[PDB]
Amino acid sequence: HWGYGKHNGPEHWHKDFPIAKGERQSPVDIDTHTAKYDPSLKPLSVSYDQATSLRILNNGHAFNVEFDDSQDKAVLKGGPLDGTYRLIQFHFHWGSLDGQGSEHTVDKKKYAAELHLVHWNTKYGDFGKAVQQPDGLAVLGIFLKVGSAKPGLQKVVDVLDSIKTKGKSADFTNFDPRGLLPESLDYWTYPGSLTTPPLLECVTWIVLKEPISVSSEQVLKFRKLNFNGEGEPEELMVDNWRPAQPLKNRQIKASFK
Ligand SMILES: [Co+2]
């Protein structure tokens, strides 16, 4: 099936998913010298106080921390968005080396990892309907660099041993995603896609300018996860990132001067 390996990686995905060569694919390189400030934009509103995390799952590609999205508990509004977008899950993309791992790049810079907080537009009723719409999803992307530890990440790191292999899950209640955010909510935004198959062009991307720092120990534990299932030869879960795709007929807008 699709993956990040030697014979099924991003360069092959177009055979099964021809939209991989589409007009609004993600990620992209963010050129800070061509993105333009848009005074029409508003501040982001991140309302995560009532978030209800449920479970963490190794899906064979990354791990998802899943939320109750059956009410407006953890929502994203404002910015470029019209309406209300509910948090369904977050996950990360990361490298085998600290010099790669992010999906978006900034002036061609790769970060060590990238956090995706995935939200769907409540006007479409559920996630599966939302991904069929151009304005179905809002993904808040946050870069990770290696430096100091991120205290709010540690609960995630310490459950990883329990979900080492594909298809394992564990209870993951009472996790506060606010502990993953940087100080600033300044952002870039553009229209794009899911970065994994089916690569649907349903995402308003909101990529924060300020990275968070995680420690070398935290990243090393991410790199101990496995793509494989239990009882199969070990394939470390690293380098689960798609490279930058052509911008084509899009503009990246900044919320900040
Ligand atoms: Co992602």
# chains A, B, ... in the order shown; residues from 1 in each chain; ligands from 1

call {"tool": "residues_around", "arguments": {"residues": "range 250-254 of chain A", "least_positions_apart": "2", "cutoff": "7 Å", "atoms": "only C-alpha atoms", "output": "list in words"}}
result
residues 35, 36, 37, 38, 187, 188, 189, 190, 247, 248 and 256 of chain A

call {"tool": "residues_near_ligand", "arguments": {"ligand": "ligand 1", "cutoff": "9 Å", "atoms": "only C-alpha atoms and all ligand atoms", "output": "NGL selection string"}}
result
:A and (62 or 90-93 or 103 or 114-118 or 139 or 141 or 194-196 or 241)

call {"tool": "residues_around", "arguments": {"residues": "residue 169 in chain A", "least_positions_apart": "4", "cutoff": "8 Å", "atoms": "only C-alpha atoms", "output": "JSON list (two decimals) with N, CA, C and O atoms, in the first residue's frame"}}
result
[["chain", "number", "residue", "atom", "x", "y", "z"],
["A", 55, "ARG", "N", -8.15, 8.96, 22.79],
["A", 55, "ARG", "CA", -7.36, 7.78, 22.43],
["A", 55, "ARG", "C", -6.20, 8.20, 21.59],
["A", 55, "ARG", "O", -6.26, 9.24, 20.91],
["A", 56, "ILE", "N", -5.14, 7.41, 21.58],
["A", 56, "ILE", "CA", -3.99, 7.58, 20.70],
["A", 56, "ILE", "C", -3.84, 6.29, 19.95],
["A", 56, "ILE", "O", -3.93, 5.20, 20.49],
["A", 57, "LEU", "N", -3.64, 6.43, 18.59],
["A", 57, "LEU", "CA", -3.62, 5.27, 17.70],
["A", 57, "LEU", "C", -2.41, 5.35, 16.78],
["A", 57, "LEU", "O", -2.19, 6.38, 16.14],
["A", 58, "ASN", "N", -1.65, 4.26, 16.68],
["A", 58, "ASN", "CA", -0.62, 4.11, 15.65],
["A", 58, "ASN", "C", -1.32, 3.56, 14.42],
["A", 58, "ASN", "O", -1.81, 2.43, 14.44],
["A", 162, "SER", "N", 3.51, 2.21, 24.40],
["A", 162, "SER", "CA", 2.31, 1.40, 24.38],
["A", 162, "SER", "C", 1.63, 1.27, 23.07],
["A", 162, "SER", "O", 0.74, 0.45, 22.89],
["A", 163, "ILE", "N", 2.06, 2.07, 22.07],
["A", 163, "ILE", "CA", 1.50, 2.04, 20.74],
["A", 163, "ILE", "C", 2.61, 1.91, 19.70],
["A", 163, "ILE", "O", 2.58, 2.52, 18.63]]

call {"tool": "select_by_dssp", "arguments": {"residues": "range 79-203 of chain A", "states": "strand (DSSP E or B)", "output": "PyMOL selection string"}}
result
chain A and resi 85-94+105-106+109+113-121+137-146+169-171+187-192+203

call {"tool": "residues_around", "arguments": {"residues": "residue 52 in chain A", "least_positions_apart": "2", "cutoff": "9 Å", "atoms": "only C-alpha atoms", "output": "mmCIF file with N, CA and C atoms, in the first residue's frame"}}
result
data_model
loop_
_atom_site.group_PDB
_atom_site.id
_atom_site.type_symbol
_atom_site.label_atom_id
_atom_site.label_comp_id
_atom_site.auth_asym_id
_atom_site.auth_seq_id
_atom_site.Cartn_x
_atom_site.Cartn_y
_atom_site.Cartn_z
ATOM 1 N N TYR A 48 -9.821 25.737 22.859
ATOM 2 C CA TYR A 48 -9.576 24.356 23.238
ATOM 3 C C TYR A 48 -9.879 24.068 24.666
ATOM 4 N N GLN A 50 -12.543 23.179 26.367
ATOM 5 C CA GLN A 50 -13.395 22.049 26.622
ATOM 6 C C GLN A 50 -12.970 20.799 25.859
ATOM 7 N N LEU A 54 -9.494 11.434 23.608
ATOM 8 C CA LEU A 54 -10.015 10.051 23.845
ATOM 9 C C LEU A 54 -8.951 8.987 23.816
ATOM 10 N N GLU A 66 -6.858 11.422 19.187
ATOM 11 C CA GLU A 66 -8.191 11.586 18.738
ATOM 12 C C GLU A 66 -9.031 12.330 19.788
ATOM 13 N N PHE A 67 -9.973 13.142 19.339
ATOM 14 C CA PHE A 67 -10.851 13.947 20.179
ATOM 15 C C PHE A 67 -12.274 13.638 19.933
ATOM 16 N N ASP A 68 -13.132 13.915 20.937
ATOM 17 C CA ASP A 68 -14.565 13.900 20.780
ATOM 18 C C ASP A 68 -14.946 15.100 19.943
ATOM 19 N N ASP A 69 -15.436 14.874 18.755
ATOM 20 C CA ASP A 69 -15.887 15.903 17.835
ATOM 21 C C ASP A 69 -17.393 15.859 17.602
ATOM 22 N N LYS A 73 -16.495 21.380 21.269
ATOM 23 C CA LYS A 73 -15.632 21.310 22.410
ATOM 24 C C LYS A 73 -14.274 21.952 22.193
ATOM 25 N N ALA A 74 -13.660 21.747 21.096
ATOM 26 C CA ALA A 74 -12.321 22.245 20.755
ATOM 27 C C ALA A 74 -12.495 22.726 19.320
ATOM 28 N N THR A 173 -7.050 10.143 27.548
ATOM 29 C CA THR A 173 -7.977 11.121 28.032
ATOM 30 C C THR A 173 -7.262 12.260 28.717
ATOM 31 N N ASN A 174 -7.996 13.372 28.822
ATOM 32 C CA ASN A 174 -7.551 14.523 29.597
ATOM 33 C C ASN A 174 -6.228 15.113 29.121
ATOM 34 N N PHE A 175 -5.953 15.082 27.840
ATOM 35 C CA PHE A 175 -4.805 15.775 27.278
ATOM 36 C C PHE A 175 -5.218 17.156 26.763
ATOM 37 N N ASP A 176 -4.434 18.141 27.131
ATOM 38 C CA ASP A 176 -4.730 19.524 26.786
ATOM 39 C C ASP A 176 -3.850 19.946 25.604
#

call {"tool": "residues_around", "arguments": {"residues": "range 107-110 of chain A", "least_positions_apart": "4", "cutoff": "7 Å", "atoms": "only C-alpha atoms", "output": "PDB file with C-alpha atoms, in the first residue's frame"}}
result
ATOM      1  CA  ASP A  29       7.383  25.950   0.412  1.00  0.00           C
ATOM      2  CA  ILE A  30       6.483  29.219   2.124  1.00  0.00           C
ATOM      3  CA  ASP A  31       8.602  31.981   0.556  1.00  0.00           C
ATOM      4  CA  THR A  32       8.616  34.766   3.154  1.00  0.00           C
ATOM      5  CA  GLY A  99      17.605  18.545   9.646  1.00  0.00           C
ATOM      6  CA  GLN A 100      14.444  17.146   8.004  1.00  0.00           C
ATOM      7  CA  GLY A 101      10.922  16.067   8.966  1.00  0.00           C
ATOM      8  CA  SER A 102       8.643  18.951   8.264  1.00  0.00           C
TER       9      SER A 102
END

call {"tool": "decode", "arguments": {"residues": "range 157-211 of chain A", "atoms": "C-alpha atoms", "output": "short mmCIF file (atom, residue, chain, number, x, y, z; two decimals), in the first residue's frame"}}
result
data_model
loop_
_atom_site.label_atom_id
_atom_site.label_comp_id
_atom_site.auth_asym_id
_atom_site.auth_seq_id
_atom_site.Cartn_x
_atom_site.Cartn_y
_atom_site.Cartn_z
CA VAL A 157 6.00 10.87 24.43
CA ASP A 158 5.47 8.68 27.42
CA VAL A 159 2.60 6.69 25.91
CA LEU A 160 4.45 5.90 22.69
CA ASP A 161 5.87 2.66 24.05
CA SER A 162 2.31 1.40 24.38
CA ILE A 163 1.50 2.04 20.74
CA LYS A 164 4.78 0.98 19.16
CA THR A 165 3.31 -0.89 16.20
CA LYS A 166 0.63 -0.41 13.58
CA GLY A 167 -2.89 -0.85 14.83
CA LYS A 168 -2.16 -0.40 18.53
CA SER A 169 -4.14 2.14 20.49
CA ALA A 170 -4.29 3.34 24.08
CA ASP A 171 -6.61 5.42 26.18
CA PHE A 172 -5.55 9.06 26.06
CA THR A 173 -7.98 11.12 28.03
CA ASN A 174 -7.55 14.52 29.60
CA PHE A 175 -4.80 15.78 27.28
CA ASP A 176 -4.73 19.52 26.79
CA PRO A 177 -3.60 20.48 23.26
CA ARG A 178 -3.00 24.09 24.36
CA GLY A 179 0.29 22.83 25.72
CA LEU A 180 1.51 22.27 22.15
CA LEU A 181 1.09 25.84 20.95
CA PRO A 182 3.77 28.52 20.63
CA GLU A 183 3.31 31.99 22.16
CA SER A 184 2.36 33.71 18.91
CA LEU A 185 -0.52 32.82 16.62
CA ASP A 186 0.88 34.76 13.68
CA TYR A 187 0.37 32.62 10.59
CA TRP A 188 0.54 32.02 6.89
CA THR A 189 -2.48 30.61 5.03
CA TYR A 190 -3.21 29.10 1.66
CA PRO A 191 -5.64 26.60 0.10
CA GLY A 192 -4.37 23.02 -0.24
CA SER A 193 -4.79 19.38 0.41
CA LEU A 194 -4.37 16.48 2.76
CA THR A 195 -0.70 15.50 2.62
CA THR A 196 -1.43 11.79 2.72
CA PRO A 197 -3.59 9.71 0.37
CA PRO A 198 -6.33 10.37 -0.65
CA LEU A 199 -4.68 13.85 -1.04
CA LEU A 200 -8.07 15.57 -1.24
CA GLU A 201 -8.05 19.29 -1.97
CA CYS A 202 -10.24 20.20 0.99
CA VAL A 203 -7.88 22.09 3.37
CA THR A 204 -7.47 25.68 4.43
CA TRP A 205 -3.89 25.51 5.74
CA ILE A 206 -2.94 27.75 8.63
CA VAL A 207 0.79 27.44 9.34
CA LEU A 208 2.16 29.20 12.40
CA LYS A 209 5.24 31.37 12.01
CA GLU A 210 6.70 30.57 15.45
CA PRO A 211 8.01 27.02 15.92
#
